[PDB]
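K.L.:
This is input18.cif (mmCIF, C-alpha atoms).
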```cif
data_structure
loop_
_atom_site.group_PDB
_atom_site.id
_atom_site.type_symbol
_atom_site.label_atom_id
_atom_site.label_comp_id
_atom_site.auth_asym_id
_atom_site.auth_seq_id
_atom_site.Cartn_x
_atom_site.Cartn_y
_atom_site.Cartn_z
ATOM 1 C CA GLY A 1 20.799 -117.279 -23.124
ATOM 2 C CA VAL A 2 17.606 -119.306 -22.726
ATOM 3 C CA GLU A 3 14.438 -117.899 -24.303
ATOM 4 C CA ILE A 4 11.098 -119.465 -23.366
ATOM 5 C CA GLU A 5 8.081 -119.492 -25.711
ATOM 6 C CA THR A 6 5.391 -121.438 -23.866
ATOM 7 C CA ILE A 7 2.308 -122.827 -25.541
ATOM 8 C CA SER A 8 -0.140 -121.767 -22.850
ATOM 9 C CA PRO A 9 -1.853 -124.738 -21.092
ATOM 10 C CA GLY A 10 -0.433 -126.408 -18.003
ATOM 11 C CA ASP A 11 -0.569 -125.410 -14.339
ATOM 12 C CA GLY A 12 2.180 -122.826 -13.898
ATOM 13 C CA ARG A 13 3.052 -123.806 -10.334
ATOM 14 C CA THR A 14 4.745 -127.228 -10.278
ATOM 15 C CA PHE A 15 8.292 -126.193 -10.776
ATOM 16 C CA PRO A 16 11.255 -128.587 -10.998
ATOM 17 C CA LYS A 17 13.587 -128.520 -8.007
ATOM 18 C CA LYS A 18 16.891 -130.108 -7.056
ATOM 19 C CA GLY A 19 16.948 -133.886 -6.857
ATOM 20 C CA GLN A 20 13.675 -134.215 -8.784
ATOM 21 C CA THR A 21 13.620 -136.743 -11.625
ATOM 22 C CA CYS A 22 11.560 -135.281 -14.458
ATOM 23 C CA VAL A 23 10.100 -136.544 -17.733
ATOM 24 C CA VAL A 24 10.275 -134.447 -20.913
ATOM 25 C CA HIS A 25 9.009 -134.990 -24.460
ATOM 26 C CA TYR A 26 11.828 -133.083 -26.108
ATOM 27 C CA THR A 27 12.281 -132.478 -29.829
ATOM 28 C CA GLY A 28 15.498 -131.144 -31.332
ATOM 29 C CA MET A 29 15.700 -128.704 -34.228
ATOM 30 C CA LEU A 30 18.514 -126.917 -36.032
ATOM 31 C CA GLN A 31 18.013 -123.255 -36.848
ATOM 32 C CA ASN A 32 17.933 -123.063 -40.669
ATOM 33 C CA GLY A 33 18.186 -126.845 -40.557
ATOM 34 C CA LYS A 34 16.259 -130.020 -39.934
ATOM 35 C CA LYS A 35 15.808 -132.074 -36.769
ATOM 36 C CA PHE A 36 18.655 -133.891 -35.069
ATOM 37 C CA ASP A 37 17.078 -135.582 -32.018
ATOM 38 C CA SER A 38 13.620 -136.595 -30.820
ATOM 39 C CA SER A 39 12.169 -138.443 -27.849
ATOM 40 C CA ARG A 40 9.015 -138.931 -29.931
ATOM 41 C CA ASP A 41 10.785 -141.375 -32.252
ATOM 42 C CA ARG A 42 12.115 -143.709 -29.565
ATOM 43 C CA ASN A 43 8.939 -143.047 -27.483
ATOM 44 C CA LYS A 44 10.956 -143.433 -24.263
ATOM 45 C CA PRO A 45 10.385 -139.964 -22.822
ATOM 46 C CA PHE A 46 13.874 -139.411 -21.343
ATOM 47 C CA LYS A 47 13.679 -139.699 -17.568
ATOM 48 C CA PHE A 48 16.296 -137.361 -16.077
ATOM 49 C CA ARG A 49 16.899 -135.428 -12.872
ATOM 50 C CA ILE A 50 17.828 -131.840 -12.037
ATOM 51 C CA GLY A 51 21.128 -130.730 -10.543
ATOM 52 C CA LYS A 52 23.766 -133.073 -12.007
ATOM 53 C CA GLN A 53 24.743 -131.231 -15.259
ATOM 54 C CA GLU A 54 23.610 -134.275 -17.233
ATOM 55 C CA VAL A 55 21.981 -132.251 -20.017
ATOM 56 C CA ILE A 56 23.473 -129.213 -21.771
ATOM 57 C CA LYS A 57 23.257 -125.811 -20.084
ATOM 58 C CA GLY A 58 20.661 -124.342 -22.447
ATOM 59 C CA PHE A 59 18.282 -127.242 -21.855
ATOM 60 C CA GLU A 60 19.056 -127.232 -18.122
ATOM 61 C CA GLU A 61 18.045 -123.613 -17.499
ATOM 62 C CA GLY A 62 14.884 -123.932 -19.590
ATOM 63 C CA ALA A 63 13.800 -126.986 -17.602
ATOM 64 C CA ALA A 64 13.586 -125.016 -14.346
ATOM 65 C CA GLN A 65 11.640 -122.214 -16.073
ATOM 66 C CA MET A 66 8.680 -124.479 -16.948
ATOM 67 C CA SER A 67 5.850 -126.240 -15.140
ATOM 68 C CA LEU A 68 3.724 -129.364 -15.511
ATOM 69 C CA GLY A 69 1.729 -129.587 -18.729
ATOM 70 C CA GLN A 70 3.432 -126.546 -20.252
ATOM 71 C CA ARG A 71 4.841 -126.670 -23.783
ATOM 72 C CA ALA A 72 7.769 -124.286 -24.172
ATOM 73 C CA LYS A 73 10.128 -123.609 -27.081
ATOM 74 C CA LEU A 74 13.851 -123.280 -26.448
ATOM 75 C CA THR A 75 16.426 -121.228 -28.347
ATOM 76 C CA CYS A 76 19.845 -122.361 -27.130
ATOM 77 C CA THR A 77 22.868 -120.147 -27.708
ATOM 78 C CA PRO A 78 26.001 -121.803 -29.165
ATOM 79 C CA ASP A 79 28.244 -121.101 -26.155
ATOM 80 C CA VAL A 80 26.050 -122.995 -23.681
ATOM 81 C CA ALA A 81 25.707 -126.229 -25.675
ATOM 82 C CA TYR A 82 28.186 -126.948 -28.482
ATOM 83 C CA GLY A 83 29.278 -123.753 -30.272
ATOM 84 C CA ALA A 84 32.889 -124.106 -29.225
ATOM 85 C CA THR A 85 33.086 -127.886 -29.653
ATOM 86 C CA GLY A 86 30.255 -129.190 -31.814
ATOM 87 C CA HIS A 87 29.102 -132.773 -31.360
ATOM 88 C CA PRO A 88 31.115 -134.643 -34.024
ATOM 89 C CA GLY A 89 29.084 -135.609 -37.070
ATOM 90 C CA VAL A 90 25.821 -134.480 -35.463
ATOM 91 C CA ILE A 91 26.354 -130.858 -34.360
ATOM 92 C CA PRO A 92 28.699 -128.419 -36.132
ATOM 93 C CA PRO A 93 30.615 -125.767 -34.194
ATOM 94 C CA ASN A 94 28.809 -122.429 -33.732
ATOM 95 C CA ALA A 95 25.294 -123.877 -33.857
ATOM 96 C CA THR A 96 22.171 -122.226 -32.444
ATOM 97 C CA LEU A 97 19.756 -124.886 -31.239
ATOM 98 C CA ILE A 98 15.948 -124.987 -31.257
ATOM 99 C CA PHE A 99 13.911 -127.307 -29.037
ATOM 100 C CA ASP A 100 10.263 -128.233 -28.616
ATOM 101 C CA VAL A 101 10.085 -129.079 -24.912
ATOM 102 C CA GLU A 102 7.040 -130.271 -22.973
ATOM 103 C CA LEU A 103 7.246 -130.887 -19.221
ATOM 104 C CA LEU A 104 5.052 -133.877 -18.347
ATOM 105 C CA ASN A 105 7.047 -135.003 -15.337
ATOM 106 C CA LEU A 106 6.817 -136.666 -11.946
ATOM 107 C CA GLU A 107 8.144 -135.849 -8.432
#
```
Have the structure of the file written as structure tokens, please.

P.N.:
Amino acid sequence: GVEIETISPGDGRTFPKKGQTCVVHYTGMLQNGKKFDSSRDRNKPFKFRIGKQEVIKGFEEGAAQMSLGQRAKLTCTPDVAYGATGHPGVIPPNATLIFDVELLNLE
């Protein structure tokens, strides 16, 4: 389950498609917890493409449901990202993930 909470401004029409390399200022957040990941710290805004299952499934479905300039807010279910496994040391099992995602992309 991917739930989108978009901070309004953007264009609403430039949607990511297959084979398009896109640029996202993401920001990770644990529900009832602190941050765990941020592109704002490294300031390299994470160039990635669509259609290769590179990212987790909760972040993948929310990427296609945004547009250029928009500022959404993800709520990733445990089963789509790590809730069975848990990323060792960083993500516990059965974790519900929160993301601040802005789509300032190319292509």

K.L.:
Report the residues retrieved by the PyMOL selection byres ((chain A and resi 4-17) around 12) from the displayed file, expressed as a VMD selection string.

P.N.:
chain A and resid 1 to 3 18 to 24 48 to 52 58 to 76 98 to 107

K.L.:
Quick one: distance from CA of residue 77 in chain A to CA of residue 95 in chain A in Å, one decimal?

P.N.:
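If I compute the distance from CA of residue 77 in chain A to CA of residue 95 in chain A, I get 7.6 Å.
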
K.L.:
Can you pull out the residues contacting residue 57 in chain A? Cut-off 8 Å, using all atoms listed in the file, and skip same-chain residues under 4 positions away; I want them as a PyMOL selection string.

P.N.:
chain A and resi 53+61+80-81

K.L.:
Evaluate the PyMOL selection byres ((chain A and resi 92) around 12) against this structure - the residues, as a list in words, please.

P.N.:
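When the PyMOL selection byres ((chain A and resi 92) around 12) is applied, the selected residues are residues 30, 31, 33, 36, 78, 81, 82, 83, 84, 85, 86, 87, 88, 89, 90, 91, 93, 94, 95, 96 and 97 of chain A.
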
K.L.:
By how many Å are CA of residue 79 in chain A and CA of residue 56 in chain A apart?

P.N.:
10.4 Å

K.L.:
Output as JSON the centre and edge lengths (Å, one decimal) of the box along x, y and z of the file that holds every listed atom of range 92-103 of chain A after adding 5 Å on each side.

P.N.:
```
{"center_x": 18.8, "center_y": -126.6, "center_z": -27.7, "size_x": 33.6, "size_y": 18.7, "size_z": 26.9}
```

K.L.:
I need the residue set behind the PyMOL selection byres ((chain A and resi 27) around 7) for this file; please write it as a PyMOL selection string.

P.N.:
chain A and resi 25-26+28-29+37-39+99-101

K.L.:
Can you sort out range 80-99 of chain A so it carries N, CA, C and O atoms, written as a compact mmCIF listing (two decimals), keeping the file's coordinate frame?

P.N.:
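The result, stored in result-v6.txt:
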```
# COMPACT_ATOMS: atom_id res chain seq x y z
N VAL A 80 26.50 -122.18 -24.80
CA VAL A 80 26.05 -123.00 -23.68
C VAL A 80 25.94 -124.47 -24.03
O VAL A 80 25.91 -125.31 -23.12
N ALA A 81 25.88 -124.83 -25.31
CA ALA A 81 25.71 -126.23 -25.68
C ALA A 81 26.88 -126.80 -26.45
O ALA A 81 27.56 -127.71 -25.95
N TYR A 82 27.16 -126.31 -27.67
CA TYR A 82 28.19 -126.95 -28.48
C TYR A 82 28.98 -125.98 -29.36
O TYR A 82 29.79 -126.46 -30.16
N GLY A 83 28.76 -124.67 -29.26
CA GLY A 83 29.28 -123.75 -30.27
C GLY A 83 30.79 -123.64 -30.31
O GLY A 83 31.36 -123.30 -31.34
N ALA A 84 31.44 -123.94 -29.19
CA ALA A 84 32.89 -124.11 -29.22
C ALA A 84 33.26 -125.46 -29.81
O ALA A 84 34.04 -125.54 -30.77
N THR A 85 32.70 -126.54 -29.25
CA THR A 85 33.09 -127.89 -29.65
C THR A 85 32.33 -128.36 -30.89
O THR A 85 32.93 -128.58 -31.95
N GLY A 86 31.02 -128.52 -30.78
CA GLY A 86 30.26 -129.19 -31.81
C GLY A 86 30.30 -130.69 -31.62
O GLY A 86 31.38 -131.28 -31.55
N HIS A 87 29.14 -131.33 -31.53
CA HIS A 87 29.10 -132.77 -31.36
C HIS A 87 29.44 -133.44 -32.69
O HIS A 87 28.73 -133.22 -33.67
N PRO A 88 30.49 -134.27 -32.74
CA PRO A 88 31.12 -134.64 -34.02
C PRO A 88 30.21 -135.49 -34.91
O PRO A 88 29.72 -136.54 -34.51
N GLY A 89 29.99 -134.99 -36.13
CA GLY A 89 29.08 -135.61 -37.07
C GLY A 89 27.64 -135.20 -36.93
O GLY A 89 26.90 -135.24 -37.91
N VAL A 90 27.22 -134.78 -35.74
CA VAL A 90 25.82 -134.48 -35.46
C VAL A 90 25.58 -132.98 -35.30
O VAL A 90 24.59 -132.45 -35.80
N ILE A 91 26.48 -132.29 -34.62
CA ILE A 91 26.35 -130.86 -34.36
C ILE A 91 27.62 -130.16 -34.85
O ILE A 91 28.72 -130.50 -34.42
N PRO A 92 27.52 -129.18 -35.74
CA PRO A 92 28.70 -128.42 -36.13
C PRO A 92 29.06 -127.41 -35.06
O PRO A 92 28.24 -127.10 -34.19
N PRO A 93 30.29 -126.90 -35.07
CA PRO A 93 30.62 -125.77 -34.19
C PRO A 93 29.86 -124.51 -34.61
O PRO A 93 29.52 -124.33 -35.78
N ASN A 94 29.60 -123.66 -33.61
CA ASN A 94 28.81 -122.43 -33.73
C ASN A 94 27.41 -122.73 -34.28
O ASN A 94 27.03 -122.31 -35.37
N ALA A 95 26.65 -123.49 -33.49
CA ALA A 95 25.29 -123.88 -33.86
C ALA A 95 24.32 -123.34 -32.83
O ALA A 95 24.53 -123.49 -31.62
N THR A 96 23.24 -122.71 -33.30
CA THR A 96 22.17 -122.23 -32.44
C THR A 96 21.03 -123.23 -32.49
O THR A 96 20.53 -123.56 -33.58
N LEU A 97 20.62 -123.72 -31.33
CA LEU A 97 19.76 -124.89 -31.24
C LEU A 97 18.33 -124.48 -30.90
O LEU A 97 18.10 -123.54 -30.14
N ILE A 98 17.37 -125.21 -31.47
CA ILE A 98 15.95 -124.99 -31.26
C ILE A 98 15.35 -126.27 -30.69
O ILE A 98 15.67 -127.37 -31.17
N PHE A 99 14.51 -126.14 -29.67
CA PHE A 99 13.91 -127.31 -29.04
C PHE A 99 12.43 -127.10 -28.79
O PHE A 99 12.00 -126.02 -28.38
```
